[PDB]
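Proteins get letters first, then strands, A, B, ... in listed order; numbering begins at 1 in each.
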Amino acid sequence: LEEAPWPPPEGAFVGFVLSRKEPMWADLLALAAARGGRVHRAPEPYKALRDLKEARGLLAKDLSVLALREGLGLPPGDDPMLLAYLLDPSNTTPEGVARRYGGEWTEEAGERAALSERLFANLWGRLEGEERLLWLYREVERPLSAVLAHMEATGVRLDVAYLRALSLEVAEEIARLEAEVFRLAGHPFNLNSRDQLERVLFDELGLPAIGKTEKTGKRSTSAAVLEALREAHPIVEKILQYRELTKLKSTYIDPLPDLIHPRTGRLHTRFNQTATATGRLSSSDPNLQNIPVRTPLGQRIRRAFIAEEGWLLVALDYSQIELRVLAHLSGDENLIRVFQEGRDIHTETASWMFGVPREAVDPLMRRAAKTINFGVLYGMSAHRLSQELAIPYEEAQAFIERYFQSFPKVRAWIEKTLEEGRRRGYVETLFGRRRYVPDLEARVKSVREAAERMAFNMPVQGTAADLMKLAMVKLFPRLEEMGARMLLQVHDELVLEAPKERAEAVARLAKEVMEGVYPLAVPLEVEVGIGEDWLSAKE
DNA sequence: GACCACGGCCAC
DNA sequence: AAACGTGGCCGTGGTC
Ligand SMILES: Nc1nc2c(ncn2[C@H]2C[C@H](O)[C@@H](COP(=O)(O)NP(=O)(O)OP(=O)(O)O)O2)c(=O)[nH]1
Ligand SMILES: [Mn+2]
Ligand SMILES: [Mn+2]
């Protein structure tokens, strides 16, 4: 391109280089812009930011986040990554999108800006006529990128002193468990090395190996295997306890306090918008979509996510979301009636499984029931279901028979979906988001049936992700007007932060927006709570 | 120091 | 482990 002096004209495509992938932590090393066969390279990138009216180009959200960090309202606009991702969600990285649609991802801002210009022109051309993907682009993904930029720049408050103290309490229990393990094994070794554990459990001790690992064929030490040996030998029980605590300490308790940002005082994740095959978001650096919740220690970790002084967290989570979606997608009159009758299939499976009244279904029982309901739904084998439910193969098999018999329109939908996937090569959501599933016609059964399970899961999970994204796009302006903040999305949940005097109003409003986002054949229902911390707000 | 594969496991 | 699906991060073990 012909080098032109900064600033660029309105509507130019930007390119930028970060010192590191995380925008909230990155030094802006270079800034450039391309338009009309000219490239503009900034002499000092931080100052040059002030000249742009929007971030338009590859990874626009990231630059917008860094501008917000610097106090600049630079919203993300067009991003060829989002076009590629809607065309095919295996388009996940600039490296790949460039290597597919006519360019090369380098480490120079001017080139990245020129690349952004050429990739947009191309991908926008490929989407000419794809009016459903163009709707999703204009009405969901492009506006959503602005929402995520704000969430990423806002962050969440963390009770650091609390987690530091918890680290010590957990450490003392870890050393106790290790001591009991070393004693049972008769000698010390590295519990964290599954190779060494394998030799202790299955060679030194006489324990039987239930299963083997995929790539290398070692005898597995997975929880599922160890659960199979739970009473086979006590050491197993302590191993499982040691695993839980080191997992939570090494992944959450210890890393998270060290990630608080100097200027904000808060913790900042990244919401990756072109990372999943189904249309879901993902979260990284750190992942705040897999913060513990299930166990008593996990609940203690979640209590560390707290509201700024004078504010409250509002947590909203859709009810039985993919089951309602399935009702709408399949048109099963029976499943639809379940939700018009306001029943709850998780608590009912729970009461089935645990032989207890729906009044006696604690959160652990529901989460166990969730896994059964979605496991069975998405093709789980009777054999595993017997293992999980600790119940004979004949029973587990009739569980699956009952499940499907209750909702016959479902299996008709599954086979319609798969037939469509074979014919067109892709499956699609309610709003037309696509996943290409080429292995539906594979000649190896195992490969083909795996593709089948991925293929007919995507319309259900991807529709739910579509609804949530749309809700976020609708809800966000309403929150800014009430002086509230959107902090986190966890697939079918949102965490907000609101002034204490507005929290009831924000909660009421957010629940209405989310439930009425896009009426289906069944009502969407949202559970909402309010609390000083993430855990209190979900109750 | 940078990467990577693997097994393993947290969440939805 | 396994004919549930979708992610990202851990420590180990390893290379360059
Ligand atoms: N295939 C599969 N999908 C799952 C699993 N866990 C979650 N999902 C998918 C399917 C779920 O619909 C969705 C949201 O997960 P939740 O909010 O934790 N559960 P839900 O909204 O259903 O019930 P309620 O909110 O009343 O507790 O994530 C799983 O083990 N397997
Ligand atoms: Mn839910
Ligand atoms: Mn949820």
Side-chain angles (χ1 to χ4, degrees), chain A residues 158-168 170-179 181-230 232-236 238-259 286-305 354 362-368 370-371 375 384 388-390 534-535:
Chain A
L158 200 68
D159 189 332
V160 162
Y162 172 84
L163 286 178
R164 300 289 192 196
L166 183 66
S167 174
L168 306 183
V170 172
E172 272 185 314
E173 175 61 359
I174 289 172
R176 183 194 78 89
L177 291 165
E178 171 179 89
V181 170
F182 290 169
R183 212 197 69 258
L184 292 163
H187 67 81
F189 64 97
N190 188 4
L191 262 61
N192 300 328
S193 156
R194 50 92 45 231
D195 285 1
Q196 288 179 48
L197 180 65
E198 180 187 355
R199 295 169 193 111
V200 176
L201 294 178
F202 304 126
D203 287 331
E204 292 182 350
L205 283 42
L207 305 188
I210 291 88
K212 278 199 169 56
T213 63
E214 180 61 28
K215 298 271 182 296
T216 65
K218 300 164 172 177
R219 297 161 297 187
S220 173
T221 65
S222 77
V225 166
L226 302 178
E227 272 296 331
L229 303 176
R230 242 283 165 66
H233 186 313
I235 192 174
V236 183
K238 302 303 172 195
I239 294 295
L240 289 168
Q241 291 184 28
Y242 177 95
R243 288 257 173 100
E244 188 197 329
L245 273 60
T246 57
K247 176 67 161 193
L248 302 196
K249 181 172 192 297
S250 65
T251 303
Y252 311 102
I253 300 180
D254 284 352
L256 291 178
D258 295 325
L259 298 176
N287 188 353
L288 297 184
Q289 288 183 330
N290 72 341
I291 299 299
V293 75
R294 199 162 36 71
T295 75
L297 175 55
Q299 293 172 22
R300 288 176 73 174
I301 297 174
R302 183 162 291 220
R303 288 191 185 94
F305 292 79
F354 288 80
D362 58 70
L364 297 161
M365 296 172 41
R366 271 187 103 262
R367 177 56 257 188
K370 289 175 177 176
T371 318
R384 179 174 169 177
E388 304 284 8
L389 294 175
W534 195 352
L535 188 66

Minimum heavy-atom separation for [X] and [Y], please, with both atom names.
| X | Y | value |
| --- | --- | --- |
| A:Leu207 | A:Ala232 | CD2-O, 4.2 Å |
| A:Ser220 | A:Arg194 | CA-NH2, 3.8 Å |
| A:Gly298 | A:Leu248 | N-CD1, 3.9 Å |
| A:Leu288 | A:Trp534 | O-CH2, 3.6 Å |
| A:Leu205 | A:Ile235 | CD2-CG2, 4.0 Å |
| A:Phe182 | A:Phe189 | CE2-O, 3.0 Å |

Has [X] got a side-chain atom pairing as donor or acceptor with [Y]'s backbone, closer than 3.5 angstrom?
| X | Y | result |
| --- | --- | --- |
| A:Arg302 | A:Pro292 | yes |
| A:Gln196 | A:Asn190 | yes |
| A:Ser250 | A:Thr246 | yes |

To the nearest 0.5 Å, tell me how far [X] [atom1] sits from [Y] [atom2].
| X | Y | atom1 | atom2 | value |
| --- | --- | --- | --- | --- |
| A:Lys238 | A:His233 | NZ | NE2 | 12.5 Å |
| A:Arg300 | A:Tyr162 | CZ | OH | 5.5 Å |
| A:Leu201 | A:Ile239 | CG | CD1 | 6.0 Å |
| A:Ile210 | A:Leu229 | CD1 | CG | 3.5 Å |
| A:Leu364 | A:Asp362 | CG | CG | 5.0 Å |
| A:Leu163 | A:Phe305 | CG | CZ | 7.5 Å |

**Item:** Identified side chain to side chain contact (heavy atoms under 4.5 Å, CB included) counterpart of A:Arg219 within the set A:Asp203, A:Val225, A:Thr213
**Value:**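 The residue from A:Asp203, A:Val225, A:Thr213 that satisfies side chain to side chain contact (heavy atoms under 4.5 Å, CB included) with A:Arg219 turns out to be A:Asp203.
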**Request:** Kindly indicate, with the supporting measurements, whether the criterion side chain to side chain contact (heavy atoms under 4.5 Å, CB included) is fulfilled by A:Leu240 and A:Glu227.
**Result:** CA-CA 8 Å; A:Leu240 289 168; A:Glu227 272 296 331; 3.9 Å; yes
**Prompt:** Is there a salt bridge (charged side-chain N to carboxylate O under 4.0 Å, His left out) between A:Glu172 and A:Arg176 once you walk through the steps?
**Reply:** CA-CA 6 Å; A:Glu172 272 185 314; A:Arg176 183 194 78 89; over 6 Å; no
**Request:** Verify side chain to side chain contact (heavy atoms under 4.5 Å, CB included) between A:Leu259 and A:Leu158, making sure each step is shown before the conclusion.
**Result:** CA-CA 10 Å; A:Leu259 298 176; A:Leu158 200 68; over 6 Å; no
**Prompt:** Under 4.0 Å between a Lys/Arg side-chain N and an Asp/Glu carboxylate O for A:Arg164 and A:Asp258?
**Reply:**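 Yes, this pair counts.
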**Message:** For A:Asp195, is there an ion pair with A:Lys218 - N to carboxylate O distance below 4.0 angstrom?
**Reply:**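 Salt bridge between A:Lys218 and A:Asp195, a charged N being under 4.0 Å from a carboxylate O: yes.
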**Request:** Dump the intermediate steps for salt bridge (charged side-chain N to carboxylate O under 4.0 Å, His left out) on A:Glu244 and A:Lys247, then the final yes or no.
**Result:** CA-CA 5 Å; A:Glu244 188 197 329; A:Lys247 176 67 161 193; over 6 Å; no
**Verdict with reasoning, A:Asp159 to A:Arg303, per side chain to side chain contact (heavy atoms under 4.5 Å, CB included)** = CA-CA 8 Å; A:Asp159 189 332; A:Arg303 288 191 185 94; over 6 Å; no
**Prompt:** A:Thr371 and A:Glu388: side chain to side chain donor-acceptor pair (under 3.5 Å), yes or no, with the steps?
**Reply:** CA-CA 10 Å; A:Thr371 318; A:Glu388 304 284 8; over 6 Å; no
**Prompt:** Do A:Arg243 and A:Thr221 get their side chains close enough for a donor-acceptor pair, meaning under 3.5 Å?
**Reply:**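 Looking only at side-chain atoms, A:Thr221 and A:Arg243 do form a donor-acceptor pair, the distance falling under 3.5 Å.
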**Message:** Less than 3.5 Å apart, any donor N or O on the side chain of A:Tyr252 or A:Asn287 sitting next to an acceptor on the other?
**Reply:**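 A:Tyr252 vs A:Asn287: no donor-acceptor pair found between side chains.
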**Request:** Just do the side chain to side chain contact (heavy atoms under 4.5 Å, CB included) check on A:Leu297 and A:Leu166 with the steps written out, would you?
**Result:** CA-CA 9 Å; A:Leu297 175 55; A:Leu166 183 66; 3.9 Å; yes
